[PDB]
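This report refers to the structure that appears directly beneath it.
There are 4 protein chains.
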Amino acid sequence: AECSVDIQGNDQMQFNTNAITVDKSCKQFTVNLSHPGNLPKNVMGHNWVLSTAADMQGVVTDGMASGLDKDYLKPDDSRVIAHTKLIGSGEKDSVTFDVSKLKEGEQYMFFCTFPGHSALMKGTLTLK
Amino acid sequence: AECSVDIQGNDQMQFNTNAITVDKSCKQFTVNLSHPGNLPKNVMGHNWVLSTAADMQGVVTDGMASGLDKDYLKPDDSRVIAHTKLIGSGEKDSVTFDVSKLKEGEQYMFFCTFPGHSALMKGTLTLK
Amino acid sequence: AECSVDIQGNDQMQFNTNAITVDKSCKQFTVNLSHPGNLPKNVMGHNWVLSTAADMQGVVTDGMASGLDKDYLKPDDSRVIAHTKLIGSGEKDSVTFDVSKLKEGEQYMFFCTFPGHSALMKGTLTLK
Amino acid sequence: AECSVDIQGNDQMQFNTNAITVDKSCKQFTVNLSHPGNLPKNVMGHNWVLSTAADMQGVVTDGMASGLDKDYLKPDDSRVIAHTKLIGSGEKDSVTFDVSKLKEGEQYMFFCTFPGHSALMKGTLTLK
Ligand SMILES: [Cu+2]
Ligand SMILES: [Cu+2]
Ligand SMILES: [Cu+2]
Ligand SMILES: [Cu+2]
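Below is the structure:
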C-alpha cells in the first residue's frame, strides 16, 4: 500500500476489488495487476484501464475495434489516463501514473477492455 | 419494416440485441420494446433509452436518482435523444424519433436505466 | 419456427435469447447457430449445448478442461443431450435432436462452454 | 476474520469479495452481510446464499419464481446450505452455519438470488 494497490483479474472475469482510493499526498500511484488463474491471454486476458466514468464506454467500444494485437485499446486514446498491458495466466504488469492528472471531485472508473469483460470487471477510483 | 427494430428485455436483465444500425434514408426510426418475462416492473422494469456514448453515464446516474415514479429518467433530460416508458412483464411500448437528430460519425448507445441493468443492457446504435 | 429456432452469439458474449420452448408436437427440434461478430473462435467461440440444469456446472467445468481442440466439451459426455460445434466469426452450425429425450417436469438449460461464457450465455429450454 | 467474514453488497450489484475460504478447524462459520448502498430492497435487494456449484442454477431459477415476499428463495429449499434474508439499503444480516455441512473436495458457490444479480454477484467458497 502507500501509493500502490495490488489487484487480480481471475478466470471468472472478476477483479478482486471494486474500489480504489488514491491518497492525495502520493505524487504518483502504482497499480500492480496479476492474473492468478490458469486460462491464457487469448481466452481470459485482463488489463486495468483508467478513465473518467463519462469516457469508459467510448474507450471500451473503440478498444474492442482495435483488437487483439493492440491489447484491445485504441492506440494513443486521449481518454485513457493510465493502463496496463493485457496479461494472461501467471503474468503480472504494473502501471505508475502521476496523481496530478486526477481532479478532486471527478468520478473515475477502472475496467478491463477484453471483449465482454467490462460488464463485470469494473470499479471506481477516487482521490482521498 | 426497414426503419424499425423490435427489441425485448427479459427477466435475465439482457436485451436481445446489442447493435442497431439506422439507415441514413429513414426519415424516422421506431424501436418496439416488449418484456417477454414474468417479473413486475418494480423489480425488473426495462426501458430503451438513447443518448451519445459520452452522455450515457450521466443519463444512467441521474436516471437512477429520479426513481421508479419518473421511470428512472431525469425529467426533460436534454441528453436523451429518444426513450420508451419503463415497462414490466407482458407490456410493450414503442418510440419513433426523427433521424435528423443523429449524425454520421457520432457513437450512440442505447441502454436501460433501471438500477444496475445498463451493465448488461446496453448496445451501440449508428447512422449508416 | 416452432420445431426449430435460430440463435446467435455475438462479440459481447451474449445469446440473442435466454428461453426456448419446445412444443411437445415436435418429434425433433433443430437449433441453427450463427456468430455475427468479428472475433475468432479461439477468442470468442460459441457453441449451443443442452443438459439438465443440474448437470450444467459439470458439463461446463469438464468442457473447460477439454480445451479448444475438443470444442470445450468432454468427448462423449453423457450429460449432454445435444450440442453444436464451437464456431467463430461468420460461421454457423445446426443440430437436430429427438424431443423424446426430454421429459416434462425436468429443468433444462442451454449454454455456451467456452471458458467464462456460461455466466451470461445460458438460458432455459422447456418442453411445453 | 477468525471463522467469520464481513461482506458487502452495493448499488452496483457487486459483492466486495469473490472468494471465501473456511478453515477446517472452525466448528462453525459466520457471514455478516451489509448493504452500504442507498437503493431499496425491491430495486437492489441482496442476500448471500450458499449451495454446491452444481445446485446453484436450480436455486437461482426457483428463487426467481418464489417472489419478492419470499426473498427470492424457494421456502425450505434443500439445496441451500445457508442463507441470509434479502436486505436493502442500510440493512444488515448474519448467518452462522455448521462447517460439518461442507465436505472437502466439493465446490461451493455463494451468490445473490435477487432477479438478474447472480451473473455478477457470485463467488467460490472453499474448505481448507
Ligand atoms: Cu478481462
Ligand atoms: Cu432493464
Ligand atoms: Cu461462447
Ligand atoms: Cu443482489
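These protein sequences, in sequence, are chains A, B, C and D. Going by the working numbering, the first sequence opens with residue 1, and the numbers climb by one from there. Going by the working numbering, the second sequence opens with residue 1, and the numbers climb by one from there. Going by the working numbering, the third sequence opens with residue 1, and the numbers climb by one from there. Going by the working numbering, the fourth sequence opens with residue 1, and the numbers climb by one from there. All C-beta atoms, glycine included, are put in the ideal place defined by N, C-alpha and C.
query	result
Can you list, in chain order, the stretches of the alpha helix (DSSP H) that have 4 or more residues and sit fully within the stretch 41-116 of chain C?	41-44, 56-66
Using a Cβ-Cβ distance under 8 Å, would D/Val59 count as near chain B?	no
At a cut-off of 7 Å, would you count C/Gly88 as near ligand 3, judging by its Cβ distance to the nearest heavy atom?	no
Nearest by alpha-carbon distance to B/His117: which of B/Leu86, B/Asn32, B/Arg79 is it?	B/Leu86
Against chain B, with Cβ distances strictly below 8 Å, would A/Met13 count as a contact?	no
On the three-state DSSP scale, how would you describe A/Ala19?	strand
Using a threshold of 7 Å, is the CB atom of residue 153 of chain A nearer than that to any non-hydrogen atom of ligand 1?	Since the first residue of chain A shown is 1 and the last is 128, residue 153 of chain A is not available in this structure.
Residues in its own chain within less than 6 Å of C/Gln8 by CB, not counting five upstream and five downstream?	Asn16, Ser34, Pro36
Quick one: does D/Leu120 have its CB under 8 Å from some CB of chain A?	yes
Is D/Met13 near ligand 4, in the sense that its beta carbon is under 7 Å from a heavy atom of that ligand?	yes
In this structure, how does DSSP classify D/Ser118 when only helix, strand and coil are distinguished?	coil
Hey, does C/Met56 have any beta-carbon neighbour from chain A nearer than 8 Å?	no
Hey, is B/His117 close to ligand 3, as in C-beta under 7 Å from one of its heavy atoms?	no
When the cut-off is 8 Å and only beta carbons count, does B/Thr124 lie next to chain A?	yes
Is there a Cβ of chain D sitting closer than 8 Å to that of C/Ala19, yes or no?	no
Pop quiz: A/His83 and A/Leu125 are said to be a contact at Cβ under 8 Å. What is the actual Cβ separation, rounded to whole angstroms?	At roughly 13 Å, the Cβ-Cβ gap does not stay under 8 Å, so A/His83 and A/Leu125 are not in contact.
Among the candidates D/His46, D/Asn32, D/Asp11, whose CA atom is the shortest distance from the CA of D/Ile20?	D/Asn32
Please report the distance separating the alpha-carbon of B/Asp76 from that of B/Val60.	14 Å
In this structure, what does DSSP give as the bridge partners for A/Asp11?	Its beta-bridge partners do not exist; DSSP assigns none.
Can you list, in chain order, the residues of the stretch 99-115 of chain C whose Cβ is nearer than 9 Å to any Cβ on chain A?	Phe114, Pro115
What are the boundary residues of the beta strand (DSSP E) that D/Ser25 is part of?	It is not in any beta strand (DSSP E) - D/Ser25 carries neither H nor E in the DSSP assignment.
So, under 8 Å CB-CB, C/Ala53 and C/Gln12 are touching, yes? Tell me the CB distance rounded to an integer number of Å.	Not a contact, Cβ separation roughly 24 Å.
Suppose the cutoff is 6 Å on Cβ atoms and the five residues either side in sequence are ignored; what does the same chain contact list for D/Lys101 look like?	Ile81
Within the same chain, show all residues whose beta-carbon is closer than 8 Å to that of C/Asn10, passing over the 5 residues directly before and after it, in chain order.	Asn16, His35, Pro36, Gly37
With 8 Å set as the bound, which would you pick, yes or no: does the beta-carbon of B/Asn10 sit closer than that to a beta-carbon of chain C?	yes
To the nearest angstrom, how far is the alpha carbon of B/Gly67 from that of B/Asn42?	10 Å
Secondary structure at A/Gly123, three-state DSSP: helix, strand or coil?	strand
How would you list, in chain order, the residues of chain B whose beta-carbon sits under 7 Å from the beta-carbon of C/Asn16?	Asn16, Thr17
Ignore the nearest five residues each way along the sequence and tell me which others in B/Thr96's own chain have a CB closer than 6 Å to its CB.	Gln28, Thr30
So A/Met121 packs on A/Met56, CB below 8 Å; how close in whole Å?	Rounded, the Cβ-Cβ distance is 12 Å, inconsistent with contact.
With DSSP as the reference, please indicate the residues paired to D/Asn32 in a beta bridge.	D/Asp6, D/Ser94
Does the separation of the CB atoms of B/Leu39 and D/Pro115 fall below 8 Å?	yes
Where C/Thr113 and A/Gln14 are concerned, what is the direct C-alpha to C-alpha distance, given to the nearest angstrom?	18 Å
Given the structure, does D/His46 come close to ligand 5, in the sense that its CB is under 7 Å from one of the ligand's heavy atoms?	With respect to small molecules bound, the structure shown includes ligand 1, ligand 2, ligand 3 and ligand 4 and not ligand 5.
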